[PDB]
Amino acid sequence: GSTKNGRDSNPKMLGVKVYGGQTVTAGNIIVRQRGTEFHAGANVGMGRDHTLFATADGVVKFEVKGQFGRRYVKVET
Amino acid sequence: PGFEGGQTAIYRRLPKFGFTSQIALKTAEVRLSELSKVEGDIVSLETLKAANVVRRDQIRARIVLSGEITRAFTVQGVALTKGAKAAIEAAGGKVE
Amino acid sequence: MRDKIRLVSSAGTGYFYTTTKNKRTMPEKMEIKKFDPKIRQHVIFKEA
Amino acid sequence: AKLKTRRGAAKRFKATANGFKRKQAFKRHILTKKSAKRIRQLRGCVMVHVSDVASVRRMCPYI
RNA sequence: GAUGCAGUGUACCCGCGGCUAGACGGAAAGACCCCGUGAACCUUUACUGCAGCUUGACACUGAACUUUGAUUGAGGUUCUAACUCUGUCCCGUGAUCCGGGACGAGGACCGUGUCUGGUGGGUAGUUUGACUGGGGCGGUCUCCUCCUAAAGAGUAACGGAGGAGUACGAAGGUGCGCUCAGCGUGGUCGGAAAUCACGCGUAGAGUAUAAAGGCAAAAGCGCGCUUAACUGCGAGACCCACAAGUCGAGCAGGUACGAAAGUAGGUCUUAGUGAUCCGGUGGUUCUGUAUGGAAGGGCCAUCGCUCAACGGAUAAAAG
RNA sequence: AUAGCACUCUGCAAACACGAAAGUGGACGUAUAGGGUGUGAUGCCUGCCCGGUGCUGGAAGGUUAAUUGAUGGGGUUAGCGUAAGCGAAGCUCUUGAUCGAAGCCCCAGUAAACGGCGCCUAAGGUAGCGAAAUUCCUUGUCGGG
RNA sequence: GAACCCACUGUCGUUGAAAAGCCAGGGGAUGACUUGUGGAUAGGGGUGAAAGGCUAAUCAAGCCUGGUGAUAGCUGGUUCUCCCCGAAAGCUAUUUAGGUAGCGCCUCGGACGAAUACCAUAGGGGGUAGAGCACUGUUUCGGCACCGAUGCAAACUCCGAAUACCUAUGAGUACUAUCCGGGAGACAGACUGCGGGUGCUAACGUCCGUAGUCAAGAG
RNA sequence: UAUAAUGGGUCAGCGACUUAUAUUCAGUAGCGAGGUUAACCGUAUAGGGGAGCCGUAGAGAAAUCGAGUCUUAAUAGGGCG
């Protein structure tokens, strides 16, 4: 006989690009995510595909905040 | 050369573009510093051809500002850019 | 099946946009306001 | 004998000061579905990649 | 699968007659099997062409008398002068060929040249994919989601398990407003299960579609007005052998909604697709072979058949 | 292969074969003869099917190649007008009205033509034979040796 | 049934007396018979009582010469000496799978100079090992779809390391890192240890990730 | 691969990266913002022959302009210099 499986999609290369304590310039992408695993904070923008990017020069920082416990990523100038 | 193992080659997976201008093959460009090769103070198509700074079959020429000249030249029938004309008048030449 | 259609400017500039339409659900023609860059003003575009 | 140019490549590549220039593919027929951004950005001319510069030189010796 | 390597046993040096257990003994670059984008010959309702056969238009091709149909061409009956005779006679000529003359039988037919439709294994040139625990048969060939995958990215098997080749002028934009589903009590023909009132716990509801990651400022649900499902761009980043792919602040012009700060360069996101050559359409202060035009070409926008063996041998092909 | 048998073609400048043609064999023959095809002395014989393919005849009903060229559109050129922006012959580029045979479609016959002989089709094996040069299960069952 | 013409059985011979024979048997032998001499048919042709037979020891397309030095991604071979460096058997695409092309890996020249590496310190994300039942599914025993206890999971998760990875500062030790250009080879790997799919927790089996060795390395 | 995988019985002689043209890079020499002739003439490696080629300026499909140019309504922004 023959198997009816044997298919998979191409890789997408999702994940974090800039970690905490790193210096970034305006426009740098910080996180690539299929959903909102991380939420934008101060000086961080959100794209149509949920990508997070920097809107100002500074240093990246990660935190946990809010009632829901949402993880946030921000940039400190 | 150019064969890549069977996949469509670079020169055949890109579109052709542009058309060739006939008058461009007869148009000529002349640097201002080359006018020193001209014998005499008359700068024209005939004199440039004689000096061999312009090929014989060319039908028109243009002077552009590249270098520096130190003589007065009277230019007849040759197109001049603003800088080339300014340099000629500064050196003491005239146009027409 | 959706059919490809054009929207042509009413100003005579010849500018046109392209889109798709469902014929059975939209028997009639389409009119819509759009920007025309040749005259630099919002004008009506009609189906074609 | 004289080296001969590959005319197909000659019709696809023009010479610049420091390299070669070309247009982009995917702009011929299937265009309605494509987004405006792709149309705008993919319109124009781009430079040849260094990985292919050697091949282009071999194909077009006289430019 | 060892006379030649390790251990160990045996064996003084050399002929002659006989034997074939071994020296993967000699002999022929395996014919069996697979491969090469090798060869030959054969078959056909594989592809493509030609000879042959067959249809009609024009030319060789003429005259007279006549009929009928939608000025016109379609016929009928005669004639001889083109033309046919592998029919008789005479001459060159003592010649079954050939030529000339006379007659006879036919005759504008037959047949020949150019063009053209059909037929055409008679003949000729070719084609007939790859993966594969040998080949064949079967299955598969492109894209998306999860696991394998060893807590960054990436990671194979004819490994396990499912989707895609779309839909929407609202299912888009904006302003304003609202929360699901499930249980417990009462009521009409309505009860396991219809609609309605209150109370309990709690996202198990929903998100056009497969799954994952997400969703309260709800990304879920409703109404009013509308077309930003715009044009010209674009600092800076992700991903990648190339060809390609993806995110995006910000500037100018014209808008939609809102009192206003402001939001909008299509839809919660990730699949819904096809390079190049040739051809069609609209615009074009580009070019256009002596000159002014035009044809053709270039540039911007766009469309179609095919390439699913889905980086697509020549858009034509089996045994 | 064979004598015998059957089908089919050939009216003579025969059919058929060779050749590029001229011409040659067929044949110095003439349907009781010549070519092609199948079967294979002789005895008894030779069932059904024309649906498919092929061949033969008829029909003139639809389709159209060359040829032919009614219209329609485009380029250039004349001439009036301060001013509209107009548009004639000629030359020339395109379009395809009509006419225009076959082939094809249709009807009928033909099986000693190819071929077929299980509710459905064109019809589903007459004589005869049979584990038989044809039987996988098979060293089928019984009798003789 | 002799001559003559054939070739049914067996023995011998197989570097033979012989590139098709000898010996003992065998068949036809007045016929569609056998035979001498001379002549006709020439290669995609001829001839064939039909075997793809014969056509000068050659036949599913004779022989000689010419195109001609045909093509072959295939096999073999490739000749004196010394010094320095030194790979790979991977990814992507391919009528592609034992070929080739781009990148990765080697060598040489030029432009630059710590911008590089080892370790320490500081910041940072995670969802694997383990563990668990709070979702999904499944499992056993008791009391009223529910409750108590009990167990399981690659495609379950209330949790969750060691390592690995990114950035910043620094001592010491090492000519490191980067760019441009000239020349390649290579794209059949093997065993072993660890974490795994497949197989039978089989294979000197097969397919990945990771480290050592061989390949190309003697003692 | 000692392999029981291939080739060689032995000796002497013969036997395989070349030639022409074009182009790219490197070394070396002349001249230097310039360098250099081809055919051809020339009792001829001399001398003559400047037609032609490379360099000296890019941008744009092109007209065109020119240290700028293309795109655009834009002396915005961006690309190539």
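Every chain is numbered from 1, with letters handed out A, B, ... down the list of sequences. Note that these values count all heavy atoms, side chains included, but never hydrogens, waters or copies made by symmetry.
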Just checking: is there a Watson-Crick or G-U wobble pair between [M] and [N], both distances under 3.5 Å?
| N | M | value |
| --- | --- | --- |
| G:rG45 | G:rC23 | no |
| E:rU112 | E:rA102 | no |
| G:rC152 | G:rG137 | yes |
| F:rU138 | F:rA84 | no |
| G:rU35 | G:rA168 | no |
| E:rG30 | E:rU126 | no |

Kindly say whether, by distance alone, the side chain of [X] makes a donor-acceptor pair under 3.5 Å with the base of [N]?
| X | N | value |
| --- | --- | --- |
| D:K37 | E:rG248 | yes |
| A:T3 | E:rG159 | no |
| A:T36 | E:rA219 | yes |
| A:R32 | E:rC247 | no |
| D:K33 | E:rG272 | no |
| D:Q41 | E:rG248 | yes |
| C:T19 | E:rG169 | yes |

Pair assignment for [N], Watson-Crick or G-U wobble, requiring both distances under 3.5 Å:
| N | value |
| --- | --- |
| H:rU45 | none |
| G:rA49 | none |
| F:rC44 | none |
| G:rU178 | G:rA111 |
| E:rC299 | E:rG283 |
| E:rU93 | none |
| E:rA74 | E:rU67 |
| G:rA203 | none |

Have a look at [X] and say if it touches a base, only the backbone sugar-phosphate, or nothing, with a 4.0 Å heavy-atom cut-off.
| X | answer |
| --- | --- |
| B:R60 | sugar-phosphate |
| D:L42 | sugar-phosphate |
| D:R57 | nothing |
| A:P11 | sugar-phosphate |
| D:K14 | nothing |
| A:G47 | sugar-phosphate |
| B:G6 | sugar-phosphate |
| D:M47 | nothing |

So where's B:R62 sitting, major or minor groove, if we go by side-chain heavy atoms under 5.0 Å from groove-edge base atoms?
major
Just the rounded figure in Å: distance from P of E:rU289 to CZ of B:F19.
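The distance from CZ of B:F19 to P of E:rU289 comes to 12 Å, rounded to the nearest Å.
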Whole angstrom is fine here: how far is it from CZ in B:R56 over to P in H:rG50?
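Result: 10 Å.
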is_stacked([N], [M]) at 5.5 Å centroid, 30° plane limits:
| N | M | result |
| --- | --- | --- |
| F:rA84 | F:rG85 | no |
| E:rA308 | E:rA309 | no |
| E:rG190 | E:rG191 | no |

Can you check the distance between E:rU276 and E:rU306, where both ends of the measurement are the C1' atom (answer in whole Å)?
13 Å
If I pick the P atom on E:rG191 and the same atom on E:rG165, what distance separates them, to the nearest angstrom?
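Roughly 46 Å separates the two P atoms.
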Give me syn or anti for G:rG113, where syn covers glycosidic angles within 90 degrees of 0.
syn
Report the nucleotide, chosen from [options], that has the shortest atom-to-atom distance to any side-chain atom of [X].
| X | options | value |
| --- | --- | --- |
| B:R13 | E:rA241, E:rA275, E:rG236 | E:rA275 |
| A:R48 | H:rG55, E:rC144, E:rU270 | E:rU270 |
| A:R34 | H:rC53, H:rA51, E:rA212 | E:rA212 |

Polar contact flag, side-chain donor to acceptor under 3.5 angstrom, A:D57-A:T25
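Their side chains do contain a donor-acceptor pair, which is all the 3.5 Å distance test asks for.
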